[PDB]
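Single chain ahead, by itself, as C-alpha cells, in the form deposited in one PDB entry.
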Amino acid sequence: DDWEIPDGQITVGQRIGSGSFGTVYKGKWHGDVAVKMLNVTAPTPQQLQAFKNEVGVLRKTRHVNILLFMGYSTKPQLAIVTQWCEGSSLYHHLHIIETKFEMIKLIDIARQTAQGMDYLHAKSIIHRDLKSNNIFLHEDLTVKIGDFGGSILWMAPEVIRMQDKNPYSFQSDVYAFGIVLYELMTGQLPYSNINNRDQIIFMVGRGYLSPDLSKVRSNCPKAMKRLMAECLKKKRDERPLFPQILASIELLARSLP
C-alpha cells in the first residue's frame, strides 16, 4: 500500500489555523478534507522526521472514534490530509459557545472518547496531548480524537515534574482523560480561580492542587464522580487503564433512564 496523493489533486481553500508546526486548510480532495501543511520552500531535517512520524502513526489507525487519515503529499510541499469534520471541538462547545448537553449525552461523549483511547493503547499509541480541543464532535454525534494543535491543565504531575526523560505512559493519557471528564461534568476548565501559570505548575507538581470535584452538575452520578477521582489520582500506579474505565462507564451508562 501507499497513501501518497499525486500533485495538483488537492485544492486548498480557506485557512483554519496557523503555527510553525504547520498550517491547516479546508480543502477539496474527493469531497471536503482538512489539509495540514508546512509553510516553507525547503523543509528541515527535524520537520521531515516528525512528518514521517505523524504519518507512520496515523496509517496504523482505523476506527470510527479516531479522525480518519486519508493521505499525504510531499510533491509541492509537505501535507497531511484527513476527513473534514462538520461541527465543533469539545472545547468549543464547552468553553466558547457553552453548549449545555443532557447528562445522558455527556456520558455518551465520554464513552466514545474512552472507546477511541482504548483502541490507541491497544495499538501501543500514546497520545501525549489529549484534551478537549483535540476531540471533535462530528456531525454533533460521533467523537473524533485527533491533534489540532504547552497544555498544562491536562498534564499529570509526573509529566509536569518531568525529572524522568519519559514520564508519558498510558496512565498519563488517563489523567488527561480525567481532566476531560471534568470539563464534561462541570462545563469548565480546572483551576479557574488561579490566574498564574507558574503557580499552577508548581502546585500540581507538588500535589498541593487538585480539580475541585464539588463543581460537578447536580445530576452527575456518583459512579461517574468516583471514576474521575481514580483517573485523577496523583500516583500513576493507582490510575485505571481504559479497559476498566470503559467497562465502568458502560455499567453506570445502562443504569439510567
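Throughout, rigid core stands for the largest set of C-alpha atoms superposing within 1.5 Å between the two forms. We number the residues from 1 along the sequence you see.
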Q.
Can you check if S20 is missing its coordinates in at least one third of the other PDB entries compared, counting only those that model the residues either side of it?
A. yes
Q: Enter the number of deposited residues without atomic coordinates between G87 and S88, binned as none, 1 to 3, 4 to 9, or 10 or more.
A: none
Q. Per the entry, where is the mean C-alpha temperature factor higher: 219-227 or 41-49?
A. 41-49
Q. Higher mean Cα B-factor in the deposited model: 10-18 or 239-247?
A. 10-18
Q. Which one of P157, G187, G150, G178 shows the top CA temperature factor in the record?
A. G150
Q) Highest Cα B-factor in the deposition, which of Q115, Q83, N166, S172? A) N166
(Q) Using the temperature factors of the C-alpha atoms in this entry, rank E139 within its chain: lowest, middle or highest third. (A) highest
Q: Could you say whether, by C-alpha temperature factor, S132 belongs to the lowest, middle or highest third of its chain?
A: lowest
Q) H93's Cα B-factor: lowest, middle or highest third of the chain? A) lowest
Q.
Splitting the chain's C-alpha B-factors into thirds, which one does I109 fall into?
A. lowest
(Q) Split into thirds by Cα B-factor across the chain's modelled residues, where does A122 land: lowest, middle or highest? (A) middle
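Missing here is the form deposited in another entry; even so, the following discussion is about that form.
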(Q) With the two forms fitted on the rigid core, I'd like to know which residue in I194, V64, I201, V40 is displaced by 2 angstroms or more at its CA between this form and the one not shown. (A) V40
Q: For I249, decide whether the Cα shift between this form and the one not shown is 2 Å or greater, given a superposition on the rigid core.
A: no
Q | Core-superposed C-alpha of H95 shifting 2 Å or more between this form and the one not shown | A | no
(Q) Aligning on the core only, does the CA of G22 end up 2 angstroms or more away between this form and the one not shown? (A) yes
Q: Since the Cα separation of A50 and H92 moves by 3 Å or more in the other entry, tell me which way: closer or farther than here.
A: farther
Q. Relative to the form shown here, do the C-alpha atoms of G19 and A176 sit closer together or farther apart in the other entry, given a change of 3 Å or more?
A. closer
